[PDB]
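Worksheet: one structure, shown below.
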Amino acid sequence: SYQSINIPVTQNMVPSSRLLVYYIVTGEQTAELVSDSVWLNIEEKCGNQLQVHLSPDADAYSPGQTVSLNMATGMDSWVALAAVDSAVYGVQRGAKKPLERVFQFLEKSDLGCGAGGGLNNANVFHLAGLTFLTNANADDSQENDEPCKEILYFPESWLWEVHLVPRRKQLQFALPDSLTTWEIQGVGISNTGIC
Amino acid sequence: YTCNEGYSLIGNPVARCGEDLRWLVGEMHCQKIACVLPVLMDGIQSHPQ
Amino acid sequence: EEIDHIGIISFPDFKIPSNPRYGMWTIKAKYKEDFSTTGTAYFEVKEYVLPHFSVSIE
Amino acid sequence: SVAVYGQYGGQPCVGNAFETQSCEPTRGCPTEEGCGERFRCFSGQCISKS
Amino acid sequence: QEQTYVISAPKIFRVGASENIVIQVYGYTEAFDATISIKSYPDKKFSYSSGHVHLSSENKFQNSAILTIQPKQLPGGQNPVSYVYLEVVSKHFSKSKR
């Protein structure tokens with residue numbers, strides 16, 4: 001029996017990775033490529049582990065209150081920030097948060113389809129999103145890119161800015177005069193990717 | 001190529017070892033990622049200069 | 001058009017025309033010279049006043 | 001090679017016309033291509049799957 | 001047919017992407033080297049990228065090249081390149097696929 005695949009699921013694998021295992025067996029005289037594959041669903045996690053919080057934490061603030069904000073990260077990062085009033089989304093029924101689906105949209109990059117397996121070595125590789133050159137009596141030219149689609153002051157907005165966070169940063173700023181839930185949202189960026 | 005921290009590469013980022021045994025380069029240059037004081041109408045003073 | 005230096009392309013503010021057709025506007029984004037990479041977003045232009053409270057119908 | 005052909009019933013040259021030596025090869029043995037989408041006969045000849 | 005290889009690659013190359021192409025060979029014992037190359041199609045004249053890969057029991061006869069298609073090296077114009085040759089060359093085998 002064989003060594004298992006004992007491997008760390010490193011950050012590059014998020015949100016999804018696909019495992020294909022293969023060998024060529026020479027048979028009596030004729031080689032055969034044997035393969036199988038499986039889709040591996042990975043936890044959605046950021047590489048920066050970026051976190052943002054109000055340092056003078058309160059259940060509710062008063063209009064115009066000066067506040068302090070902290071940005072903390074596992075590495076130095078850029079961060080964009082923005083603030084938007086919840087009545088704005090309240091305007092439109094079924095409004096969408098602009099950073100929704102980010103991982104599912106990133107998944108559209110994946111060339112494979114289905115959860116794994118295949119009718120054949122060639123089919124396994126094609127569904128895995130690979131192609132192959134071999135003399136072992138198989139070729140991927142048997143198949144084509146089918147449309148595989150199986151399932152697996154009173155502003156409206158403020159604080160619209162971008163900042164460097166050298167591992168840590170602190171900001172101090174005044175709230176607006178409006179009364180509402182403000183939703184403060186931000187996106188970390190670095191050579192380690194988005195969060 | 002890649003420029004140092006606080007810089008970015010302009011032009012084609014790429015060079016090639018030509019059959020001359022020398023580098024072709026993509027006319028590239030490192031722009032510094034910073035603003036500067038523009039040509040204001042009267043050179044108005046910037047306090048956090 | 002704008003040039004990225006960071007991964008965060010803060011385009012200039014688009015002034016809505018002095019007489020817009022009301023309804024669903026679309027923004028498309030492309031890398032200028034050499035990729036397809038077409039991004040898209042939608043936004044609605046209407047005469048509206050913010051609702052003062054949510055009604056949720058369940 | 002034969003330097004002089006035997007003639008008119010003269011004796012043929014005896015022994016083998018060749019000899020062999022072991023070497024260290026400078027060149028690799030070319031591998032077969034597969035049949036790909038073609039059927040593979042047991043010898044390794046390929047034919048149309050039809 | 002004991003001596004055999006597999007080169008495996010993305011179903012489609014992304015222009016400008018750094019694409020990791022992996023190769024395994026079987027029935028070999030003498031260590032040898034191969035080159036995996038991305039070449040213009042159909043003429044194979046211009047080479048976009050090339051990677052020397054060494055194969056031995058020290059590598060269990062497995063290796064990969066990281067190969068890329070920098071977008072300006074394509075001829076461009078009104079007709080963009082639809083297809084490119086992936087190639088492998090060795091002492092023992094040579095093959096290319098569109």
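Residue numbering restarts at 1 in every chain; chains get A, B, ... in the order shown in the structure tokens, and ligands count up from 1 in that same order.
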
Could you tell me which residues of chain D sit within 9 Å of chain A when counting only C-alpha atoms, and give me the result as a CSV table (one decimal) with C-alpha atoms, in the first residue's frame?
chain,number,residue,atom,x,y,z
D,31,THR,CA,10.4,5.8,-27.7
D,32,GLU,CA,7.2,4.7,-29.5
D,33,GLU,CA,4.4,7.2,-29.9
D,34,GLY,CA,1.1,5.9,-28.7
D,35,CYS,CA,-2.0,5.2,-30.7
D,36,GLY,CA,-3.7,8.2,-29.1
D,37,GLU,CA,-7.4,8.0,-30.2
D,38,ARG,CA,-6.5,5.1,-32.5
D,39,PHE,CA,-7.0,1.4,-31.5
D,40,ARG,CA,-3.8,-0.3,-30.6
D,42,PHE,CA,-1.1,-6.0,-29.7
D,43,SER,CA,2.0,-5.6,-31.8
D,44,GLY,CA,1.6,-1.8,-31.4

**Item:** Check: which chain E residues lie within 12 Å of chain A using only C-alpha atoms, as JSON, numbers by chain
**Value:** {"E": [1, 2, 3, 4, 5, 6, 7, 8, 9, 10, 11, 12, 13, 14, 19, 20, 21, 22, 23, 24, 25, 26, 27, 36, 85, 86, 87, 88, 89, 92, 93, 94, 95, 96, 97, 98]}

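Reported to one decimal place, the separation of CA of residue 1 in chain D from CA of residue 17 in chain D is 6.7 Å.
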
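Rounded to one decimal, CA of residue 15 in chain A and CA of residue 193 in chain A lie 13.0 Å from each other.
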
**Item:** Residues within 9 Å of residue 83 in chain E, only C-alpha atoms, excluding chain neighbours under 4 positions, as a list in words
**Value:** residues 40, 41, 42 and 98 of chain E

Report as a tab-separated table (two decimals) with C-alpha atoms, in the first residue's frame the set of chain D residues whose atoms approach chain E to within 6 Å, with distances computed over only C-alpha atoms.
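Full text of selection.tsv as output:
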chain	number	residue	atom	x	y	z
D	28	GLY	CA	19.11	8.01	-26.55
D	29	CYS	CA	16.80	5.22	-27.69
D	30	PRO	CA	13.70	6.76	-29.36
D	31	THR	CA	10.42	5.75	-27.71

**Message:** Give me the residues near range 27-31 of chain B as a PyMOL selection string, where near means some atom within 8 Å (using only C-alpha atoms) and where sequence neighbours in that chain fewer than 5 positions away do not count.
**Reply:** chain B and resi 3+7-13

Show me, as a JSON list (two decimals) with C-alpha atoms, in the first residue's frame, every residue of chain C with an atom at most 12 Å from chain B, counting only C-alpha atoms.
[["chain", "number", "residue", "atom", "x", "y", "z"],
["C", 3, "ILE", "CA", -3.01, 53.90, -14.28],
["C", 4, "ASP", "CA", -2.82, 51.44, -11.39],
["C", 5, "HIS", "CA", 0.09, 51.63, -8.95],
["C", 6, "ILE", "CA", -1.35, 49.71, -5.98],
["C", 7, "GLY", "CA", -4.16, 47.38, -7.06],
["C", 33, "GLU", "CA", -4.16, 47.32, -24.29],
["C", 34, "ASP", "CA", -3.72, 43.59, -23.97]]
